[PDB]
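This document starts with one chain, in the form deposited in one PDB entry, laid out as C-alpha cells.
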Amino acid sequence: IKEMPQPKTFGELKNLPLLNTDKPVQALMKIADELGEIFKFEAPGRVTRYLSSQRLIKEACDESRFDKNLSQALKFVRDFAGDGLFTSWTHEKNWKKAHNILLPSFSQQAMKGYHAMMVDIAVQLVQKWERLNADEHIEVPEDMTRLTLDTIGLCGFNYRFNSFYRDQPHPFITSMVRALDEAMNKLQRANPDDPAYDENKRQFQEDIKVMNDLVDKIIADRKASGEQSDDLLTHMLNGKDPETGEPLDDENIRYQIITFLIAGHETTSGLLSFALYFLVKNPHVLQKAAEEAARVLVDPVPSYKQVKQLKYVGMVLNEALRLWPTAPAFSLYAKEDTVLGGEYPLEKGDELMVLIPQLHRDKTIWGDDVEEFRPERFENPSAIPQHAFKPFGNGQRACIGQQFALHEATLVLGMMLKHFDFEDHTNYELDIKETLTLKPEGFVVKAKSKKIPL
C-alpha cells in the first residue's frame, strides 16, 4: 500500500491552475514523466488519478471493476451532445439502445456501402493538390479536416459541406467549434460564475441553439422527403433495438448526428495529419508505404477490397496512433471498492484518467526505441501485451467509429502516397494544438505530382 505522488499545488485551488495552459494533455504528460505511473490531481470539489503504465491500465480496462466516467470535459460537451453515444453513461437506457441500433451501421460490412462516398471526397482532395501551382504548399490539418468533415456529412446524412469550395466554415461548424472551445476553456476557470464569463455563457447558449435548430431541420426535412439514402440518418429513422423493439426518438437522433459531426471534424483529420508528419520525418518509412500504394492501387479509383490490402499503410496509421493518439484520454470510475496494482486502494465511485500518449511510451512494453516511428512494431498483434495500445478506448465503450476512421484514413493515405511525392520544405517543428483532440498546428508540405491519372 503506497502513497500516491501529486504535482505542485496553489493553496485552495489545489492543482486546478496546472490546467491554465492551451496544452493541458502535454502538461499532464510532463507531470507523468516526473511523477511516474500514477498521480493524484485535485481541484476544488474534485479528485482524479492519472494512470500512465500498462501495468495499471491493464487493470483499469477490466470492465468487471471499472466503467466509463464522464470527465468534466465530457460533462461540458454533454450540454450539446446530450445522451448521444459518447456523452451517455453506460446505465442510461439510450446508451445500450443506440449502441444496438448503430453497431450494424459501423461494421466492416457497412464500410462496403460507405466506400463510394469516401472515394468521392478523397478524389476531391487529390484533384485539389494536382491543381496547385509550383510555388504553392499544402496546409495539412486544414485539408485533412475538409476531407473528414465532408466524408461524415455525406455518410451521416447525404449532405455536402463542400469544404473544398470554401475558406469560411458552415454556420453549424462555426457554432460547434466555438462550443467545443468554450467547453475546454471552462475546465481551468477557478470562478466560473464571475460576471466576466456572462458573454461566454450567452454565446454558448446561442451556439447550442444553432446546432439544435440546424440538425432538427435536417431530421424533419428527411422525414418529409421520404428518401431512403443509405446513410446513418436513414439507419436511425428505420432501426429498431432488438432488445426493447423501440426506435431512437428524434431528440436522441439529433444528439447522435451532433456527436458524429464532432468526431468527423476532430479525430480522423488529426490521425491523417500526424501520419503524414511522421512519413515526411521518416523517408525510409514513406518509401515502403509508397511502394505498397503503387503495388495495390492498380485502378484509377480504389475499391473496398484494395483498401483492405494496404496492410503497411494500416501499420503506419497504428504507429501514428501510438505516438499521438488524437483522442488522448478517457475516464473510468470504480464500480466497487478494489485495489489497483496491489498498492493503491480505491473506493466505489473513485475516478481514474488514462493518459493514452503516456501508456503508448511505456518502455517496458515497446523497448528503448519508444520515441522512434517504426510501423513494423504492429506486424504481429499476438506479440503486443494486453491493453498496451488503446487509441480507440476500452471494451463496450470503445470507439464505435474505429472501422469508419481506419477505412477512410487508409483509403486517403493510400491515394496520397500513390499520386504524390512529399517535401518537408520548412523542416516543420511539431506544435500540437489541443481541442477535444490533438492536431499538428501549422504543418505544411509541398506535393510533387507523379502525374498518374484518376
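When you see a residue number, it is the position in the sequence shown, counting from 1. The term rigid core refers to the maximal set of C-alpha atoms that superpose within 1.5 Å between the two forms.
J.: Per the entry, where is the mean C-alpha temperature factor higher: 250 to 258 or 186 to 194?
T.: That would be 186 to 194.
J.: Between 111 to 119 and 226 to 234, which has the higher average C-alpha B-factor in the PDB entry?
T.: Between 226 to 234 and 111 to 119, it is 226 to 234 that shows the higher mean C-alpha B-factor.
J.: Looking at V77, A275, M353, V301, which has the biggest Cα B factor in the entry?
T.: In this record, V301 carries the highest C-alpha B-factor of the candidates.
J.: Whose C-alpha has the highest temperature factor in the PDB entry: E319, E139, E199, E292?
T.: Top of the list by C-alpha B-factor: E199.
J.: Once the chain's modelled residues are ordered by C-alpha B factor and cut into thirds, is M29 in the lowest, middle or highest one?
T.: For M29, the deposited C-alpha B-factor lands in the middle third.
J.: Tell me, lowest, middle or highest third: where does the Cα B factor of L346 rank within its chain?
T.: Highest third, going by the recorded CA B-factors of the chain.
J.: How does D207 rank on Cα B-factor within its chain, lowest, middle or highest third?
T.: Highest third of the chain for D207's C-alpha B-factor.
J.: Sorting the chain's CA B-factors, does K305 end up in the lowest, middle or highest third?
T.: For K305, whose C-alpha B-factor we compare with every modelled residue in the chain, the answer is the middle third.
J.: Rank-wise, by C-alpha B-factor, drop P385 into the lowest, middle or highest third of its chain.
T.: Lowest third.
The same protein also has a form deposited in another entry, omitted here; what follows describes it.
J.: Following superposition of the rigid core, which of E379, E372, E291, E206 is the only residue with a C-alpha displacement of 2 Å or more between the shown form and the other one?
T.: It is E206; the other listed residues stay below 2 Å.
J.: Checking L74 here: with the core superposed, does its CA move 2 Å or more between the shown form and the other one?
T.: Superposed on the core, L74 moves its C-alpha less than 2 Å between the shown form and the other one.
J.: Determine whether the C-alpha of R361 shifts by 2 Å or more between the shown form and the other one once the rigid core is superposed.
T.: No; that C-alpha moves by less than 2 Å between the shown form and the other one.
J.: Quick check on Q127: with the core superposed, does its CA move 2 angstroms or more between the shown form and the other one?
T.: No.
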